[PDB]
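Each chain, written out:
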2 protein chains.
Amino acid sequence: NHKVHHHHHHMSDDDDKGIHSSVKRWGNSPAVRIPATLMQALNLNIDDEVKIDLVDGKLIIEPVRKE
Amino acid sequence: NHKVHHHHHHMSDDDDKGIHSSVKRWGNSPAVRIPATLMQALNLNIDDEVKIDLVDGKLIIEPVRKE
């Protein structure tokens, strides 16, 4: 017997409607507005430093931890 | 025999020194400068829309694909 009837979750990166935003132009440079809610969630503030890591063609945002 | 001598890669999220940035204040809002190099790499432009997905306490940046 095969359980092909049973699919567990739908893996679709574009389909999962996370938080839509828009990259705007701050001066002559691309800047996006980071949700203040997440700022709090990940415990970072203004003038903080984050680490942008490219991983498998995905941009992974890691904060620069200072405990 | 155990191969505890063999450690394959160093999994350390913070230690891996990707691209360090800083979240600055654009008006009264947190805005980070996105590397134009990556803009091109992921094929996004100014006024484009990106999907910020929170996944496992990590901010995952997925672009909103339009082919």
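Shown above is the structure to which this text applies.
In this report, we go over the structure that sits alongside the text. These residue numbers run from 1 along each chain by written sequence and may not equal the entry numbers. Residues without coordinates are not shown. Chain letters start at A and ligand numbers start at 1, both assigned in the order the entries are written. The basis for the side-chain values is all heavy atoms of the structure; hydrogens and waters are excluded.

## Description of the pattern of salt bridges
Here is the rule: Here a salt bridge means any side-chain nitrogen of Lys or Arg lying within 4 Å of a carboxyl oxygen belonging to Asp or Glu. For helices the rule is a DSSP run of H or I covering at least 4 residues; for strands it is a run of E covering at least 2, with both sets numbered from the N terminus onward. Only protein chains enter the accessibility calculation, which uses a 1.4 Å probe. A residue is then buried if its area is under 20% of the maximum for its type, exposed if over 50%, and partly exposed in between.
Following the criterion strictly, the structure yields twelve salt bridges over all chains and no others. B:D47 serves as the salt-bridge partner of A:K24, at 2.7 Å between the closest nitrogen and oxygen. You can see A:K24 sitting in strand β2 (residues 23-26) and its partner B:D47 sitting in the loop between α1 (36-41) and β4 (50-55), one on each of two chains. Residue class for A:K24 comes out partly exposed when judged on its relative accessible area of 23%. Residue B:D47 is classed as exposed on the basis of its relative accessible area, which comes to 52%. A salt bridge links B:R65 to B:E67; its shortest N-O distance comes to 2.9 Å. With respect to burial, B:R65 and B:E67 carry one shared label: exposed. A network of salt bridges, in which partner residues are shared, links A:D13, A:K58 and B:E62.

## A closer look at the packing of aromatic side chains
How we decide: Aromatic pairing here means that ring centres of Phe, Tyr or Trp (its six-membered ring) are within 6.5 Å. Orientation follows from the plane angle: under 30 degrees is stacked, over 60 is edge-to-face, and everything else is tilted.
Considering all chains together, one arrives at one aromatic pair over all chains under this definition. Centre to centre, the rings of A:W26 and B:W26 are 5.7 Å apart; their planes meet at 20°, and the pair counts as stacked. On the criterion of chain membership, the pair formed by A:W26 in strand β2 and B:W26 in strand β2 (residues 23-26) is interchain, its members lying in two chains. The class for B:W26 is partly exposed, based on a relative accessible area of 23%.

## Overview of the relation of the copies chain B and chain A
A rotation about an axis combined with a shift along that same axis relates the two copies of the chain. As a reminder, the rule being used: Overlaid copies: least-squares superposition on C-alpha atoms. Any two residues having at least one pair of non-hydrogen atoms within 4.5 Å are treated as being in contact.
Overlaying chain B with chain A gives an RMSD of 0.1 Å, the required rotation being 180° about an axis along which the chain moves by 0.0 Å. Those values place the two copies in the arrangement expected of a two-fold rotation axis. Closest approach to the rotation axis within chain B is made by the C-alpha atom of B:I60, at a distance of 2.5 Å. A shared binding surface is used by both copies, with 100% of the interface residues of chain B retained as interface residues in chain A.

## Brief notes about the interface of chain B and chain A
Quick note on the threshold: Contacts described as polar in this section are N or O atom pairs within 3.5 Å, which, within protein, must combine one atom able to donate a hydrogen with one able to accept it, while residues neighboring in sequence count only if both atoms come from side chains.
Contacts between chain B and chain A engage 42 residues on the former and 42 residues on the latter. Linking chain B with chain A are four salt bridges. For the salt bridge of A:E62 with B:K58, the shortest nitrogen-to-oxygen distance reads 2.6 Å. Linking chain B with chain A are 28 residue pairs in polar contact, by the criterion used here. Of all the secondary-structure elements, those providing two or more residues to the side of chain B that touches chain A are β1 (19-20), β2, β3 (29-33), α1, β4 and β5 (58-63) of chain B. For the side of chain B that touches chain A, the element with the most residues is β5(B), which contributes six residues.

## Thoughts on the side chain of B:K51
Tracing the backbone through its elements, the reader meets B:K51 in strand β4. A polar atom in the side chain of B:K51 sits 2.7 Å from the backbone oxygen of A:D13. In this structure the side chain of B:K51 is engaged in a polar contact, spanning 2.6 Å, whose partner is the side chain of B:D53. Those residues in contact with B:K51 that lie beyond four places of it in its chain are A:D13, A:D14, A:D16, A:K17, A:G18, A:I19, A:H20, B:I60, B:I61, B:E62 and B:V64.

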